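Participant: This is work-v6.cif (mmCIF, C-alpha atoms).
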data_target
loop_
_atom_site.label_atom_id
_atom_site.label_comp_id
_atom_site.auth_asym_id
_atom_site.auth_seq_id
_atom_site.Cartn_x
_atom_site.Cartn_y
_atom_site.Cartn_z
CA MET R 1 -73.76 75.56 112.16
CA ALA R 2 -71.18 74.43 114.68
CA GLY R 3 -72.03 75.98 118.02
CA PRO R 4 -75.40 77.60 118.71
CA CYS R 5 -74.41 81.15 117.63
CA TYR R 6 -75.91 80.84 114.13
CA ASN R 7 -78.08 83.69 112.83
CA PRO R 8 -79.63 82.43 109.58
CA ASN R 9 -80.89 85.91 108.67
CA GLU R 10 -77.22 86.97 108.60
CA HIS R 11 -75.92 84.36 106.12
CA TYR R 12 -78.79 83.87 103.63
CA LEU R 13 -79.47 86.74 101.25
CA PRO R 14 -83.09 87.86 100.70
CA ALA R 15 -84.59 86.51 97.50
CA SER R 16 -85.82 88.70 94.64
CA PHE R 17 -86.39 88.64 90.89
CA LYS R 18 -86.59 91.69 88.61
CA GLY R 19 -86.85 93.81 91.77
CA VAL R 20 -90.00 92.31 93.30
CA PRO R 21 -89.15 90.68 96.66
CA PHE R 22 -90.43 87.24 97.57
CA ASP R 23 -89.90 84.75 100.39
CA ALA R 24 -87.67 81.83 99.44
CA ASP R 25 -87.83 78.37 101.00
CA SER R 26 -85.15 76.28 99.23
CA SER R 27 -82.08 76.72 97.06
CA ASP R 28 -80.39 74.30 94.64
CA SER R 29 -78.01 74.52 91.69
CA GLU R 30 -76.32 72.36 89.07
CA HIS R 31 -72.76 72.76 87.79
CA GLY R 32 -70.57 70.57 85.64
CA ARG R 33 -68.19 70.30 82.72
CA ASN R 34 -68.79 68.76 79.29
CA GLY R 35 -66.66 65.67 78.72
CA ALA R 36 -65.99 63.51 75.67
CA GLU R 37 -64.82 60.27 77.26
CA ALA R 38 -63.83 57.55 74.80
CA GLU R 39 -62.70 53.95 75.31
CA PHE R 40 -60.84 52.11 72.56
CA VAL R 41 -61.35 48.50 71.43
CA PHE R 42 -59.28 45.56 72.71
CA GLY R 43 -57.31 48.15 74.70
CA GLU R 44 -56.53 48.46 78.40
CA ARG R 45 -56.41 52.28 78.31
CA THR R 46 -59.06 54.98 77.91
CA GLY R 47 -59.08 58.69 77.14
CA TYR R 48 -60.86 61.99 77.78
CA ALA R 49 -61.28 65.50 76.42
CA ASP R 50 -62.75 68.80 77.60
CA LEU R 51 -65.40 70.62 75.57
CA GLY R 52 -66.26 73.64 77.73
CA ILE R 53 -68.39 74.59 80.69
CA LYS R 54 -71.96 73.38 81.21
CA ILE R 55 -74.92 75.72 81.59
CA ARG R 56 -76.12 76.21 85.16
CA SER R 57 -79.69 75.87 86.42
CA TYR R 58 -81.28 77.10 89.65
CA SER R 59 -84.46 75.90 91.37
CA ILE R 60 -86.25 77.78 94.16
CA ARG R 61 -89.42 77.31 96.20
CA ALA R 62 -91.46 80.23 97.55
CA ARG R 63 -94.06 80.31 100.33
CA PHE R 64 -96.86 82.82 100.90
CA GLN R 65 -98.67 82.95 104.24
CA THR R 66 -99.84 86.49 105.05
CA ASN R 67 -103.50 87.42 104.64
CA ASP R 68 -104.52 88.01 101.02
CA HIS R 69 -101.90 85.61 99.68
CA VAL R 70 -103.86 85.02 96.46
CA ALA R 71 -103.29 88.63 95.40
CA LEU R 72 -99.55 88.58 96.09
CA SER R 73 -99.28 85.11 94.54
CA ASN R 74 -101.49 85.99 91.57
CA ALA R 75 -99.51 89.22 91.15
CA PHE R 76 -96.06 87.59 91.31
CA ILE R 77 -96.89 85.14 88.52
CA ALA R 78 -97.36 88.17 86.26
CA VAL R 79 -93.64 88.89 86.74
CA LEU R 80 -92.35 85.40 85.92
CA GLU R 81 -94.21 85.60 82.60
CA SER R 82 -92.67 88.94 81.61
CA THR R 83 -90.57 88.93 78.46
CA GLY R 84 -86.80 88.58 78.64
CA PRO R 85 -84.38 87.68 81.42
CA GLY R 86 -83.77 89.62 84.60
CA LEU R 87 -81.57 89.83 87.66
CA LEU R 88 -82.07 87.08 90.24
CA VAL R 89 -80.77 87.41 93.81
CA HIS R 90 -80.12 83.80 94.71
CA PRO R 91 -80.30 83.23 98.49
CA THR R 92 -76.78 81.76 98.54
CA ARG R 93 -75.24 82.27 95.08
CA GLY R 94 -75.68 86.05 95.18
CA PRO R 95 -76.93 88.13 92.26
CA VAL R 96 -77.01 86.30 88.93
CA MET R 97 -78.73 86.85 85.59
CA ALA R 98 -81.34 84.15 84.99
CA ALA R 99 -84.48 83.47 82.96
CA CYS R 100 -87.49 81.54 84.21
CA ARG R 101 -88.36 78.25 82.49
CA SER R 102 -91.37 76.83 84.38
CA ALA R 103 -93.47 77.31 87.50
CA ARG R 104 -96.01 75.06 89.23
CA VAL R 105 -98.49 76.70 91.60
CA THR R 106 -99.99 74.45 94.28
CA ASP R 107 -103.12 75.35 96.22
CA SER R 108 -106.18 73.85 97.90
CA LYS R 109 -109.36 74.89 99.69
CA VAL R 110 -109.88 72.01 102.15
CA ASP R 111 -106.57 70.15 102.43
CA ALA R 112 -104.59 73.36 102.99
CA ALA R 113 -106.29 76.77 103.04
CA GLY R 114 -104.26 79.90 103.72
CA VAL R 115 -100.90 79.04 102.11
CA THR R 116 -99.70 78.94 98.50
CA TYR R 117 -96.59 77.14 97.26
CA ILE R 118 -94.87 77.82 93.95
CA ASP R 119 -91.93 75.83 92.59
CA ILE R 120 -89.65 77.48 90.04
CA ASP R 121 -86.91 76.36 87.65
CA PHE R 122 -84.46 79.07 86.58
CA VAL R 123 -81.69 79.03 83.97
CA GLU R 124 -78.60 81.18 83.54
CA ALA R 125 -78.95 83.60 80.62
CA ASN R 126 -76.06 85.87 79.60
CA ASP R 127 -76.75 88.55 77.01
CA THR R 128 -75.21 87.98 73.58
CA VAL R 129 -74.62 90.19 70.56
CA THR R 130 -76.92 89.79 67.56
CA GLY R 131 -74.36 89.72 64.73
CA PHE R 132 -73.28 86.16 65.55
CA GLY R 133 -69.71 87.13 66.32
CA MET H 1 -86.60 21.05 66.34
CA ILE H 2 -85.40 19.46 63.11
CA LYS H 3 -83.48 22.38 61.60
CA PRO H 4 -85.88 24.07 59.13
CA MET H 5 -82.92 25.84 57.46
CA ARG H 6 -79.37 24.63 56.84
CA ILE H 7 -76.56 26.28 54.89
CA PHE H 8 -73.32 24.96 53.39
CA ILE H 9 -70.23 26.73 52.06
CA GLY H 10 -67.94 24.45 50.09
CA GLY H 11 -69.06 21.48 52.16
CA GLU H 12 -68.45 22.70 55.73
CA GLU H 13 -71.66 23.51 57.59
CA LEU H 14 -72.26 26.97 59.05
CA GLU H 15 -73.16 26.37 62.71
CA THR H 16 -73.01 30.03 63.80
CA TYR H 17 -75.28 31.89 61.37
CA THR H 18 -76.76 34.36 63.85
CA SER H 19 -79.15 35.57 61.13
CA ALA H 20 -80.14 34.76 57.56
CA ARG H 21 -82.13 36.06 54.61
CA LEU H 22 -82.92 34.58 51.18
CA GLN H 23 -84.63 36.05 48.12
CA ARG H 24 -85.79 34.77 44.73
CA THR H 25 -87.31 37.26 42.30
CA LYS H 26 -88.94 36.44 38.96
CA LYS H 27 -88.42 39.99 37.61
CA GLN H 28 -84.60 39.72 37.61
CA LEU H 29 -81.81 37.40 36.46
CA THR H 30 -80.20 36.27 39.74
CA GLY H 31 -81.30 35.54 43.29
CA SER H 32 -79.38 36.64 46.38
CA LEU H 33 -78.56 35.71 49.98
CA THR H 34 -77.11 37.19 53.16
CA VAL H 35 -75.71 35.56 56.30
CA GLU H 36 -74.38 37.12 59.51
CA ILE H 37 -71.69 35.20 61.37
CA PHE H 38 -70.27 35.69 64.86
CA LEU H 39 -66.47 35.99 64.98
CA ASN H 40 -64.04 36.13 67.90
CA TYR H 41 -60.55 37.44 68.63
CA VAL H 42 -58.26 36.86 71.62
CA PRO H 43 -55.44 39.43 71.98
CA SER H 44 -51.90 38.05 71.85
CA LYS H 45 -53.20 34.68 70.62
CA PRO H 46 -53.43 33.05 67.18
CA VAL H 47 -56.49 33.51 64.98
CA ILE H 48 -57.38 31.42 61.92
CA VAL H 49 -58.67 33.48 58.98
CA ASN H 50 -60.60 32.13 56.00
CA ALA H 51 -61.64 35.29 54.11
CA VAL H 52 -63.03 33.23 51.23
CA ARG H 53 -63.70 35.66 48.37
CA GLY H 54 -65.12 32.85 46.22
CA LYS H 55 -66.66 29.43 46.86
CA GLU H 56 -69.97 27.61 46.55
CA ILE H 57 -72.82 28.37 48.95
CA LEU H 58 -75.90 26.16 49.42
CA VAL H 59 -79.09 26.76 51.40
CA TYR H 60 -81.55 23.99 52.31
CA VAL H 61 -84.93 24.99 53.77
CA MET H 62 -86.63 22.21 55.74
CA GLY H 63 -84.69 19.42 54.07
CA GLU H 64 -85.17 20.89 50.59
CA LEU H 65 -82.79 22.78 48.32
CA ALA H 66 -83.71 26.46 48.03
CA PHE H 67 -80.68 28.20 46.49
CA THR H 68 -77.45 27.56 44.58
CA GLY H 69 -74.97 30.43 44.65
CA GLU H 70 -70.96 31.41 43.22
CA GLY H 71 -70.65 32.43 46.86
CA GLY H 72 -68.71 34.72 49.13
CA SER H 73 -69.20 37.45 46.54
CA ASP H 74 -68.88 40.00 49.36
CA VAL H 75 -66.98 39.92 52.66
CA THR H 76 -67.35 42.77 55.16
CA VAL H 77 -66.26 42.67 58.80
CA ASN H 78 -68.46 44.93 60.89
CA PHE H 79 -67.10 46.00 64.26
CA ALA H 80 -68.20 48.13 67.18
CA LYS H 81 -66.80 49.79 70.28
CA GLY H 82 -69.79 48.41 72.18
CA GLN H 83 -72.26 45.74 71.13
CA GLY H 84 -69.96 43.31 69.34
CA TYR H 85 -67.76 42.29 66.42
CA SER H 86 -69.17 40.14 63.62
CA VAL H 87 -68.94 39.37 59.89
CA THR H 88 -71.33 39.40 56.94
CA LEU H 89 -71.53 37.42 53.70
CA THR H 90 -73.38 37.64 50.40
CA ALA H 91 -74.02 35.45 47.38
CA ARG H 92 -75.80 35.36 44.03
CA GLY H 93 -76.76 32.91 41.32
CA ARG H 94 -74.34 30.89 39.24
CA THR H 95 -74.87 33.30 36.33
CA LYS H 96 -73.36 36.07 38.50
CA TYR H 97 -70.59 36.52 35.94
CA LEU H 98 -73.11 37.09 33.15
CA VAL H 99 -74.64 39.83 35.30
CA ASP H 100 -71.22 41.51 35.66
CA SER H 101 -69.19 40.54 32.56
CA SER H 102 -69.02 42.20 29.16
CA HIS H 103 -69.61 39.82 26.27
CA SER H 104 -66.64 38.39 24.35
CA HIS H 105 -68.53 37.05 21.35
CA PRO H 106 -66.42 35.38 18.62
CA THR H 107 -67.31 37.87 15.87
CA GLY H 108 -70.14 40.13 17.06
CA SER H 109 -72.91 39.75 14.48
CA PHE H 110 -74.97 36.71 13.57
CA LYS H 111 -75.78 36.10 9.91
CA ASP H 112 -79.05 34.16 10.23
CA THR H 113 -79.95 32.08 13.30
CA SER H 114 -82.54 31.69 16.07
CA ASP H 115 -82.66 33.21 19.54
CA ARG H 116 -81.92 29.88 21.24
CA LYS H 117 -78.78 29.31 19.16
CA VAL H 118 -77.64 32.83 20.12
CA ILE H 119 -78.19 32.52 23.87
CA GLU H 120 -76.18 29.30 23.82
CA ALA H 121 -73.13 31.03 22.31
CA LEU H 122 -73.35 33.93 24.79
CA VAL H 123 -73.81 32.06 28.07
CA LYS H 124 -71.49 29.13 27.32
CA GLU H 125 -68.36 31.31 27.55
CA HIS H 126 -68.72 30.92 31.34
CA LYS H 127 -70.17 27.38 31.55
CA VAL H 128 -73.66 28.11 32.87
CA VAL H 129 -76.14 25.39 31.90
CA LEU H 130 -79.24 26.68 30.10
CA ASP H 131 -82.77 25.42 30.78
CA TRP H 132 -84.83 26.22 27.67
CA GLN H 133 -88.53 25.42 27.40
CA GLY H 134 -89.97 28.27 25.30
CA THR H 135 -90.77 28.40 21.61
CA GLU H 136 -87.92 29.01 19.17
CA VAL H 137 -87.94 32.19 17.07
CA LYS H 138 -86.15 32.82 13.77
CA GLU H 139 -84.32 36.16 13.49
CA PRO H 140 -82.89 37.16 10.08
CA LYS H 141 -80.51 39.69 11.67
CA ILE H 142 -78.85 39.87 15.08
CA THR H 143 -75.81 41.94 16.04
CA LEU H 144 -74.92 42.21 19.72
CA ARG H 145 -73.90 45.72 20.73
CA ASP H 146 -70.13 45.89 21.11
CA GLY H 147 -69.14 45.63 24.76
CA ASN H 148 -72.69 45.37 26.09
CA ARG H 149 -73.23 43.22 29.17
CA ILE H 150 -74.66 39.72 28.94
CA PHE H 151 -77.55 40.71 31.21
CA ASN H 152 -78.58 43.62 28.98
CA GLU H 153 -78.61 41.72 25.69
CA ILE H 154 -80.47 38.61 26.91
CA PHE H 155 -83.03 40.80 28.68
CA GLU H 156 -83.37 43.00 25.59
CA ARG H 157 -83.87 40.13 23.14
CA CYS H 158 -86.21 38.17 25.42
CA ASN H 159 -88.48 41.18 26.03
CA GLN H 160 -89.72 41.37 22.43
CA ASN H 161 -90.68 37.66 22.40
CA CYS H 162 -92.45 37.46 25.79
CA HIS H 163 -89.71 35.30 27.33
CA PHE H 164 -89.26 35.47 31.09
CA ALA H 165 -85.59 35.24 32.09
CA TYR H 166 -85.01 34.08 35.67
CA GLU H 167 -83.07 31.48 37.64
CA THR H 168 -84.19 28.18 39.11
CA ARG H 169 -83.28 26.80 42.55
CA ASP H 170 -80.54 24.48 41.22
CA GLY H 171 -78.07 26.76 39.41
CA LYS H 172 -79.49 26.97 35.88
CA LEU H 173 -81.05 29.64 33.67
CA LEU H 174 -84.74 29.08 32.90
CA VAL H 175 -86.47 30.83 29.99
CA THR H 176 -90.24 30.37 30.07
CA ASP H 177 -93.38 31.93 28.60
CA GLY H 178 -95.72 31.10 31.48
CA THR H 179 -96.20 29.67 34.94
CA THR H 180 -94.45 26.47 36.01
CA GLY H 181 -97.90 25.09 36.85
CA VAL H 182 -96.88 23.75 40.28
CA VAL H 183 -100.03 24.23 42.36
CA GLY H 184 -99.37 25.60 45.83
CA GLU H 185 -101.37 26.36 48.97
CA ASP H 186 -104.75 28.04 49.48
CA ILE H 187 -103.64 31.09 51.48
CA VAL H 188 -106.85 31.94 53.35
CA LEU H 189 -107.35 34.99 55.56
CA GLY H 190 -107.82 34.04 59.19
CA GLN H 191 -105.92 30.76 58.67
CA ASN H 192 -102.28 31.59 57.90
CA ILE H 193 -102.05 35.25 56.83
CA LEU H 194 -100.24 37.61 59.18
#
Here is a file; write its structure as structure tokens.

Facilitator:
Amino acid sequence: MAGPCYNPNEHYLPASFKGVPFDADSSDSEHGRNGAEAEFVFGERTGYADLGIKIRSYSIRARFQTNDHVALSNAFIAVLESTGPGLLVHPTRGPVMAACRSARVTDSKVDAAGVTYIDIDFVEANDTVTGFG
Amino acid sequence: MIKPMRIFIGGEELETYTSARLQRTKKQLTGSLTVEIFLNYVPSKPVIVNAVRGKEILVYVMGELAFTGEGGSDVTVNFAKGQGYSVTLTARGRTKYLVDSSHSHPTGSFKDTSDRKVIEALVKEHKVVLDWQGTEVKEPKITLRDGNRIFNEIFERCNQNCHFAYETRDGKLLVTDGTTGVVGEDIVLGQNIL
């Protein structure tokens, strides 16, 4: 931030998912709008149309350091695998309803012992009625 | 290399045949052909259009005749927003009209004749030269079905006498009871098979 009076704990929300806290380390997103661009033949003019909003996707990275990280790590994975979507407190985007889609757990015993990294790939998921309209 | 395939349409060579394909089938009554041609267009400038719906087409494979349409039986102009804009052509044997014309026989029922003398009076309404080499058969009664195609009746009558009905490479109609006897190559595995 401009000037040295930044307090990062005051601007970044604490991460969470389905109520279980965890320590976040990165925050990304993806937004857009579905187009239908078309270019005619032998013509010097093109066109465009709008076909609705595009589905968002969030990706986060979590770090575990404290003693007995395997238990907290091995216990948090049991939450990502739970059925159905749940509330996600994005560090910057605020609360948002998302559903997990993948997770890679990285670990080692000699190269790096005492820290566990886990990359995640979330997706927005808004509840819908079951009678198809 | 010396062009191993050349094509003519009415006597003006096709120098832009971006692809080709020829067929000759013994179990039918007419061959076929297909040629793809590149075509151009400049906006706000003149364009010369042929659009020949009918004319002769000839194909020579390695300095030898291999087909005799009559030609330009089909004309379609493909076109794309992307890749390109081209044209396609098609052709068939000289007897094409027999394959797609209902018979116009003088009366419609022979009294007493032979098969050869009947095929001559059916084909020769369209001036297609016959090439007969099979054995003649005597038929006390023949009566062509009213309005039936030329292809159907010749095929029907020649089936019961073991006559093959297929075209040659020159533009005739050849009726034979066996192989032409022209000995070919010894296609050996490991030598030329693919």

Participant: For atom CA of residue 114 of chain H and atom CA of residue 139 of chain H, quote the distance in Å rounded to one decimal.

Facilitator: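 Separation between atom CA of residue 114 of chain H and atom CA of residue 139 of chain H: 5.5 Å.
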
Participant: Counting only C-alpha atoms, which residues from chain H have an atom at most 10 Å from any atom of chain R, and could you show them as number ranges by chain?

Facilitator: H: 41-43, 79-82

Participant: Determine, for each residue of segment 86-110 of chain R having at least one atom at most 9 Å from an atom of segment 55-77 of chain R, the closest pair of atoms and their separation in Å to one decimal, counting all atoms listed in the file; order by chain and ascending number, as a tab-separated table.

Facilitator:
residue	atom	partner	partner_atom	distance
R:90	CA	R:58	CA	8.5
R:98	CA	R:58	CA	8.5
R:103	CA	R:77	CA	8.6
R:105	CA	R:73	CA	8.9

Participant: Name the residues that the PyMOL selection byres ((chain R and resi 20) around 12) pulls out of this structure, and write them as a PyMOL selection string.

Facilitator: chain R and resi 14-19+21-23+72-73+75-80+86-89

Participant: When you look at segment 143-147 of chain H with a cut-off of 6 Å (counting only C-alpha atoms), what residues show up, excluding the ones that are within fewer than 5 positions of it in the same chain? I need them as a ChimeraX atom specification.

Facilitator: /H:102,108-110

Participant: Taking the file as shown, find all residues satisfying the PyMOL selection byres ((chain H and resi 169-183) around 6) and write them as JSON, numbers by chain.

Facilitator: {"H": [66, 67, 68, 94, 129, 130, 131, 132, 133, 134, 163, 164, 165, 166, 167, 168, 184]}

Participant: Convert the output of the PyMOL selection byres ((chain H and resi 150) around 7) on the shown file into explicit residues, formatted as a list in words.

Facilitator: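 Given this file, the PyMOL selection byres ((chain H and resi 150) around 7) evaluates to residues 98, 99, 101, 102, 103, 148, 149, 151, 152, 153 and 154 of chain H.
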
Participant: Give me the residues near residue 102 of chain R as a PDB file with C-alpha atoms, keeping the file's coordinate frame, where near means some atom within 8 Å (using only C-alpha atoms) and where sequence neighbours in that chain fewer than 2 positions away do not count.

Facilitator:
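In the end it all went to selection.pdb:
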ATOM      1  CA  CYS R 100     -87.490  81.540  84.210  1.00  0.00           C
ATOM      2  CA  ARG R 104     -96.010  75.060  89.230  1.00  0.00           C
ATOM      3  CA  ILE R 120     -89.650  77.480  90.040  1.00  0.00           C
ATOM      4  CA  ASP R 121     -86.910  76.360  87.650  1.00  0.00           C
ATOM      5  CA  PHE R 122     -84.460  79.070  86.580  1.00  0.00           C
TER       6      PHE R 122
END

Participant: Compile the contact shell of residue 93 of chain H as a VMD selection string: residues with an atom at most 6 Å away, counting all atoms listed in the file, same-chain residues fewer than 4 positions apart removed.

Facilitator: chain H and resid 30 to 31 69

Participant: Provide the atom CA of residue 16 of chain H to atom CA of residue 86 of chain H distance in Å, to one decimal place.

Facilitator: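 Atom-to-atom, atom CA of residue 16 of chain H and atom CA of residue 86 of chain H are spaced 10.8 Å apart.
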
Participant: Could you tell me how far atom CA of residue 133 of chain R sits from atom CA of residue 85 of chain R, in Å to one decimal place?

Facilitator: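 Distance between the two atoms: 21.1 Å.
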
Participant: Report, as JSON, the centre and edge lengths in Å (one decimal) of the axis-aligned box enclosing every listed atom of segment 71-81 of chain R, padded by 5 Å on each side.

Facilitator:
{"center_x": -97.8, "center_y": 87.2, "center_z": 89.3, "size_x": 20.9, "size_y": 14.1, "size_z": 23.5}

Participant: Around (-73.6, 44.2, 49.2) in the file's frame, which residues reach within 12 Å when counting only C-alpha atoms? Return as number ranges by chain?

Facilitator: H: 32-35, 72-76, 88-92

Participant: Near residue 137 of chain H, counting only C-alpha atoms, which residues have an atom at most 12 Å away, once you skip same-chain residues fewer than 2 positions from it, shown as a list in words?

Facilitator: residues 112, 113, 114, 115, 116, 117, 118, 119, 134, 135, 139, 140, 141, 157, 158, 160, 161, 162 and 163 of chain H

Participant: Working from the structure I just supplied, which lacks atoms in segment 63-81 of chain R, can you model N, CA and C atoms there and output them as a tab-separated table (two decimals), in the coordinates of the input?

Facilitator:
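This is the output file selection-v3.tsv:
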chain	number	residue	atom	x	y	z
R	63	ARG	N	-92.90	80.52	99.47
R	63	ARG	CA	-94.06	80.31	100.33
R	63	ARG	C	-94.73	81.64	100.63
R	64	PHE	N	-96.05	81.66	100.55
R	64	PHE	CA	-96.86	82.82	100.90
R	64	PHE	C	-97.81	82.44	102.03
R	65	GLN	N	-97.82	83.22	103.09
R	65	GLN	CA	-98.67	82.95	104.24
R	65	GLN	C	-99.59	84.11	104.60
R	66	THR	N	-99.08	85.34	104.56
R	66	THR	CA	-99.84	86.49	105.05
R	66	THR	C	-101.24	86.51	104.45
R	67	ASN	N	-102.15	87.19	105.15
R	67	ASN	CA	-103.50	87.42	104.64
R	67	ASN	C	-103.44	87.90	103.20
R	68	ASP	N	-104.45	87.56	102.41
R	68	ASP	CA	-104.52	88.01	101.02
R	68	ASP	C	-103.31	87.50	100.24
R	69	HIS	N	-103.01	86.21	100.40
R	69	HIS	CA	-101.90	85.61	99.68
R	69	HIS	C	-102.21	85.41	98.20
R	70	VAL	N	-103.49	85.24	97.86
R	70	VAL	CA	-103.86	85.02	96.46
R	70	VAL	C	-103.47	86.22	95.62
R	71	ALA	N	-103.63	87.43	96.16
R	71	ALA	CA	-103.29	88.63	95.40
R	71	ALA	C	-101.78	88.73	95.18
R	72	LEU	N	-101.00	88.55	96.24
R	72	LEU	CA	-99.55	88.58	96.09
R	72	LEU	C	-99.08	87.44	95.19
R	73	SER	N	-99.63	86.24	95.39
R	73	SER	CA	-99.28	85.11	94.54
R	73	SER	C	-99.72	85.36	93.10
R	74	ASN	N	-100.98	85.74	92.92
R	74	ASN	CA	-101.49	85.99	91.57
R	74	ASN	C	-100.83	87.19	90.92
R	75	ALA	N	-100.22	88.08	91.70
R	75	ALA	CA	-99.51	89.22	91.15
R	75	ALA	C	-98.04	88.93	90.87
R	76	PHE	N	-97.45	87.96	91.58
R	76	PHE	CA	-96.06	87.59	91.31
R	76	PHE	C	-95.93	86.76	90.05
R	77	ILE	N	-96.94	85.94	89.73
R	77	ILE	CA	-96.89	85.14	88.52
R	77	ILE	C	-96.82	86.04	87.29
R	78	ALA	N	-97.42	87.23	87.37
R	78	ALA	CA	-97.36	88.17	86.26
R	78	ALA	C	-95.95	88.68	86.01
R	79	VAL	N	-95.03	88.47	86.94
R	79	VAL	CA	-93.64	88.89	86.74
R	79	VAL	C	-92.81	87.77	86.12
R	80	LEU	N	-93.07	86.52	86.52
R	80	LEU	CA	-92.35	85.40	85.92
R	80	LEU	C	-92.63	85.28	84.44
R	81	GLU	N	-93.81	85.71	84.00
R	81	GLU	CA	-94.21	85.60	82.60
R	81	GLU	C	-93.77	86.79	81.76
